[PDB]
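Architecture at a glance
Next come the chains, spelled out residue by residue.
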Amino acid sequence: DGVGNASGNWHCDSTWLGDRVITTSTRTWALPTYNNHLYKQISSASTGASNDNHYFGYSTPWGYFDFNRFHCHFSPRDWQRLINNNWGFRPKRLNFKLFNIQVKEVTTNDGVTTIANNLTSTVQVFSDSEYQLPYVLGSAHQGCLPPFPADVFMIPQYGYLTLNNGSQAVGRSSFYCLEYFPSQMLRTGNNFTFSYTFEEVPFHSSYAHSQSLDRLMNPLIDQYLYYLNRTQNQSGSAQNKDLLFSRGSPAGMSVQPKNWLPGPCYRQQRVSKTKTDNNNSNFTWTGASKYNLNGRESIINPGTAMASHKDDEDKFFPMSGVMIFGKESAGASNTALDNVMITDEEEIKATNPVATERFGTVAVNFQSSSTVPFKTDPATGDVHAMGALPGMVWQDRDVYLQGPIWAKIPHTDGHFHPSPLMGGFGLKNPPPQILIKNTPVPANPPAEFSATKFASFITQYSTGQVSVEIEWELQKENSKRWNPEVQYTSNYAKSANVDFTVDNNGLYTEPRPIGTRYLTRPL
Amino acid sequence: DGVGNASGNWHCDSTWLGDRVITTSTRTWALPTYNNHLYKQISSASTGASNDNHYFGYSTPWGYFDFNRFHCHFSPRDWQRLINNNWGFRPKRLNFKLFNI
Amino acid sequence: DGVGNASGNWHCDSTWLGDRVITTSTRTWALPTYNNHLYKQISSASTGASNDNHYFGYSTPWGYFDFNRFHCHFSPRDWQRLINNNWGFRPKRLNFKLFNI
Amino acid sequence: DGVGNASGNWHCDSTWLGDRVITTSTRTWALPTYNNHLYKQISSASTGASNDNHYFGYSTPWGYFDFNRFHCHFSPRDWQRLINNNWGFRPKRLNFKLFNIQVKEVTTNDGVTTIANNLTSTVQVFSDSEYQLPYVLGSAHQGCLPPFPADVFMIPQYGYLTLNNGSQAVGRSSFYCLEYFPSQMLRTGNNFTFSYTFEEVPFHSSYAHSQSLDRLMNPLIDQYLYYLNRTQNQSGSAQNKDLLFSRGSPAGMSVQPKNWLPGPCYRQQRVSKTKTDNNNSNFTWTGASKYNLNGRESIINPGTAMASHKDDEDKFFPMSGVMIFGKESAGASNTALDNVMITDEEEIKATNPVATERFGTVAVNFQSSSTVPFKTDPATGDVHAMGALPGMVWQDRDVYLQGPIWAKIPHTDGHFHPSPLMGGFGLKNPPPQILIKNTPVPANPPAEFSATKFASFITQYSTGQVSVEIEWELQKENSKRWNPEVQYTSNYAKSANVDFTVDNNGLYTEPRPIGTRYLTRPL
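Residues numbered from 1 in each chain as written, not as in the entry; some residues may be left out. Chains lettered and ligands numbered in written order. Part of a larger assembly, values for the part shown. Heavy atoms only, no water. Residues with missing side-chain atoms left out of burial classes, pairs and counts.

cryo-EM is the method the PDB entry lists for this structure, together with a resolution of 2.32 Å.

Laid out in structure tokens, this is it:
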């Protein structure tokens, strides 16, 4: 629409209707030139990694837009308003806009850098609406819109992995040229818009359960069902066998017949947040729950949605069963427990097994008396990994303000309960990837013709504004609970700083991860 | 249409209909100044070639656009799809666009 | 329709439409008399098998028609054409005819 | 239409309209069971042939219907009527009918054979209208409808050849199941009909030329064009060079400038019908014109349409340049000149080179005088194979009453003048092959099930009637010639037999091959 006319406005807001909330977020992005406009083949051959870390793939000159975290859309106040008042929520629709494009030319001479406007340069943008590209969103990568609307963010580079045999490729390894797509070319007066509708996904549960699964009975009335209570005489003067049956009573609630089972489990190793109680070894790889796929092992991390610990055991967490967010000023490698924030799944103890303990015990032999004068005592074994049994009920992992929103469900023949293990909404057709790059501008060509492809380019980057608007459907509480509920609250106390704010240096920080499960409902 | 408005989009695709295939290819080109905007007469007199290699002609300051190879239009996957499934093929029509100068 | 009039024709073909393929297969069958027209009770008692191989059942004088293999319908060329070009497939409908008894 | 109702009538006739002739022919055929209903792979590996005779292919249990000879449709009287009166002819349309099917069961016990009717058996018939099968018609094979309408003929077996590397196959070697086609199943009351329209093919030339190509001038008037006549002095007292030019005159007609050239040639070896004048060696393979294809040689036979001999040289014929028909009582191998009938192409001497002589001479050097004191005499060389030059004109090979009618033009990128070298009409879509076989009837199956495919069949054959009706378009003579024309005639003389009749044993014989070129027209 011209050089001197803005192609969009700043739309950062949150509107709460009766059963919907619409969150709008605008951010300022910077997109550099990646790979010098080259597609590069990347692998682990030069890295010299272990067999488990081998890979083969490609690095493209494109960047992508990521808004797959909840704090890209919700302020902490909006998140608190959602989680303190709603029993569930899900996304309905989204709008994406890209506007106010500025391409900047950079020249460095004698150490000093000049930046100018390039009014005739373009950025190519396209949305992969048919999911023809590898989906790298949903792997919890950096590069999302920053939580604070004042922050300017760099656009992450696009790259993918394909089938590999060690550090080598195979015949079925794919290569994707992203220039083989129709792109919209944007000069400084152009904008880009894109709408998307979410499929009907189940509401995420912003509630805990007020009852436990093994405590669903009337505590005053007996049962009409009997169970075997004693196989020996109760008197004890003699030690004779018997078959004595008792009625299901509130005195013994552990032996009452029940209708349902706790969800599946895959036991993790128990690590104490107090380092002195941990074994003096590494055991982060040798003692960890991992799966085998094509000969190379992968840590589960976090796997099945299970309770982090029991009651009065907050000092323990599963070794790779929890989502760990880093605070600002946390290093990339071997940072400290003080620099990370470990989440807790304490609210799903009502239906899910504890992550660090067995599902239960199982009979492993036939008990018998002496006759065949070889008496066989009954024997049980611990069940550490339990798959889905009929009658099982469970809760999924919680979502966090700092955590992912959705994940693409793999296009496979079968999948069981396709809810992402990091938490969120599993979508068969997720929001498509928006891919953006600067169109290469060649430098001065030679006077004589050369068929060698161009390698000298004018160095430039681009900047602009991006808006994402998501409509979310809410599921209101309808509780008849009498006593007040647990709510997420700010701490009232004199503190050097306010939580979820900037410091005197201007650095936005999030003190803690906030989940969703504060309200309760009966099981 | 203006300095700050793009005059075209990137159209690089391949659509397979029942009996047609439409291949679109977009590329970025650089055109220099040739001959310092001069028409020059060229021959083999200074070259001193053999009688079989003698020539006379002209060099113009113009360049030309060439898309007379099959890989300018078909990806290797598209070529494989064509040759593994079709008994024959021929070209029907073409569109040429030059944009974002 | 009579002794000297054929009640069907040989339909063995494969037609490829845009998103469908219709496979037709005709075969010549011979049906004998089974069990001398008797229903017989069969088990493993005379066989003297292991506990894992014990069975009890019945043998009827009937035969049955089976076309539950893919090569009853696809030639190897048709199978190659399907698997080299399609991401998936499934069956929609079938017709069965028995003729020229 | 029933067991006791005939499904067709005998239609054997010839109707002459003004510019059309419609020929109908009915014959009685017998079709056996071929290969025991099996498809067999055939090659030359067991034969142990030479590299030139190697092949790989398949034998099917099907037979085919062939009516690709002119005497399947024309009686000798009709052929004479056509060739004595028409300047050209071509086929317009055809109808094919198969009727009065009878399947017969055969049992041989103790040496005696019983034949019964099988009223419930079928013959499968289909027409290959899309040319999806190898076309084995047009190779001049036996198995056509017999010339005499009273003769009962056996249906030939279908088989084809595919790509071979010696006696082996290759990856691109094809296999065709003919049961993979839709067939019509015919019981004894059913019939089969099929119509076909010929493409617009040029008329075959039933004429000779009254003029020769080198004699197209006015014999009374000179030319206005000059030619170099002498390069030496005419007087002869001295032997000096000169440049003397003469005018084109009727005195020298060989040196007159002309407008056209004789057709292309590919020289053949000259064999005398009188065996004493031939060289004492075999030389039927070592001294023969042959072509090289994929490393194996093939005799041309007959190749380019050229004159068999010159004037007053009827004793000579090209070694493999003539169509040779065998008389009845001619052996399959090494039969006698008395048992074969050699055709003659004497009528196309007006435009075509003689098959056994060179096309002409060509200059092969530069003539010069002594100076460089190395005088160079002019030198010419004989041109034995001449391809098409602009200005060339030629006639095609003649068709015969015993010869083929059409041939399928190979589906190739290029072809030059696609007229078959044996003579006839080259058709891109020729009349399709009609393929017929007896449906297998299994014998008594075992009491217990066996998945081994059936190998025991009830032995049977079939018989029936076949009708072919072809409409031909005629091209009438419009001649202004005064003297009477040469006509094909019967010889008037007392003879022991009549030509083109049966003998006292009932054997139909054709005494001679009859061509078409009797009428004449100016060149």
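1. Concerning the overall build of chain B
Within chain B, the secondary structure is distributed over one helix and four strands. Helices (α) and strands (β) of chain B occur, in sequence order from the N terminus, as β-β-β-β-α. For 101 residues, the compact-globule estimate of 2.2 N^0.38 gives 13 Å, and chain B exceeds it by more than 25% at 20 Å. Taking contacts inside chain B between residues at least 6 apart in sequence as the whole, the part at least 24 apart equals 44%. (Helix = DSSP H or I, 4+ residues; strand = E, 2+ residues; numbered from the N terminus. Rg over C-alpha atoms; globule rule 2.2 N^0.38 Å. Contact = heavy atoms within 4.5 Å.)

2. Considerations on the UniProt feature "binding site: cytosine" (unreviewed entry) in chain A
Residues and elements named next belong to chain A. According to UniProt, the positions carrying the feature "binding site: cytosine" (unreviewed entry) are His-415 and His-417. Looking at the secondary structure, you find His-415 in the loop between β30 (406–408) and β31 (425–427). For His-415, a relative accessible area of 38% puts it in the partly exposed group. Non-local contacts of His-415, meaning those with residues more than four positions away in its chain, are made with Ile-409 and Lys-428. (UniProt positions renumbered as here; feature names shortened; annotations may be inferred. Buried < 20%, exposed > 50% of the residue type's maximum accessible area, 1.4 Å probe, protein only.)

3. A look at the packing of aromatic side chains
This model, assessed by the stated rule, comprises 78 aromatic pairs over all chains. Measuring from centroid to centroid gives 6.0 Å for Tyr39(A) and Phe175(A), while their planes differ by 85 degrees, and the two rings are edge-to-face. In this pair, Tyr39(A) is assigned in the loop between β2 (20–31) and β3 (40–43) and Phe175(A) in the loop between β11 (168–169) and β12 (184–186), connecting sequence segments 136 residues apart. With a relative accessible area of 22%, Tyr39(A) lands in the partly exposed category. Accessibility expressed as a relative area gives 45% for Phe175(A), which makes it partly exposed. Linked through ring pairs, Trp29(A), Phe65(A), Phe67(A), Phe96(A), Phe192(A), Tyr196(A), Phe198(A) and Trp406(A) together constitute an aromatic cluster. Positioned above the aromatic ring of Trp285(A), the side-chain terminus of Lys290(A) is 5.6 Å from the ring centre. Geometry around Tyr131(D) places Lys408(D) over its ring, the cationic atom sitting 5.0 Å from the centre. (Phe/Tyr/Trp six-rings, centres within 6.5 Å; stacked < 30°, edge-to-face > 60°. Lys NZ or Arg CZ within 6 Å of the ring centre and 35° of its normal.)

4. Overview of the pattern of salt bridges
All names here are of chain A. Here the structure, examined in full by the defined rule, presents 36 salt bridges over all chains. Linking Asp-277 and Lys-315 is a salt bridge whose minimum nitrogen-to-oxygen distance equals 2.2 Å. With a gap of 38 residues between them, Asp-277 in the loop between β20 (270–272) and β21 (290–293) and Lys-315 in the loop between β22 (296–299) and β23 (316–318) connect regions that are remote in the sequence. On the basis of relative accessibility, which here comes to 41%, the residue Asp-277 falls in the partly exposed class. Given a relative accessible area of 33%, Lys-315 falls into the partly exposed group. Here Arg-481 and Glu-485 are joined by a salt bridge, their closest N and O atoms 3.7 Å apart. A relative accessible area of 31% places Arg-481 in the partly exposed class. Here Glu-485 falls in the buried class, since its relative accessible area comes to 18%. By sharing partners, the salt bridges in this structure join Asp-19, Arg-20, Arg-90, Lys-92, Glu-471 and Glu-473 into a single network. (Salt bridge = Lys/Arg side-chain N within 4 Å of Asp/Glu carboxyl O.)

5. Overview of the UniProt feature "binding site: adenine" (unreviewed entry) in chain A
All names here are of chain A. Within the UniProt annotation, "binding site: adenine" (unreviewed entry) is assigned to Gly-424 and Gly-426. With respect to the element layout, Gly-424 can be found in the loop between β30 and β31. With a relative accessible area of 16%, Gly-424 lands in the buried category. With residues near it in sequence (within four places) discarded, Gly-424 still touches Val-399, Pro-404, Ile-405 and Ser-419. The topology assignment puts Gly-426 in strand β31. Since its relative accessible area comes to 13%, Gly-426 is described here as buried. Those residues in contact with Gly-426 that sit more than four places away from it in its chain are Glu-199, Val-201, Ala-407, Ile-409, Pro-418 and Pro-420.

6. Some points on the side chain of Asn118(D)
Residues and elements named next belong to chain D. Examined against the element boundaries, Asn-118 turns out to sit in the loop between β6 (112–117) and β7 (123–127). Note on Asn-118: relative accessible area 16%, which makes it buried. A distance of 2.9 Å separates the side chain of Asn-118 from the side chain of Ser-121, its partner in a polar contact. Leave out the neighbours within four places in its chain, and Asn-118 touches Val-103, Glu-105 and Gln-460. (Polar contact = N/O pair within 3.5 Å; in protein donor to acceptor, adjacent residues only side chain to side chain.)

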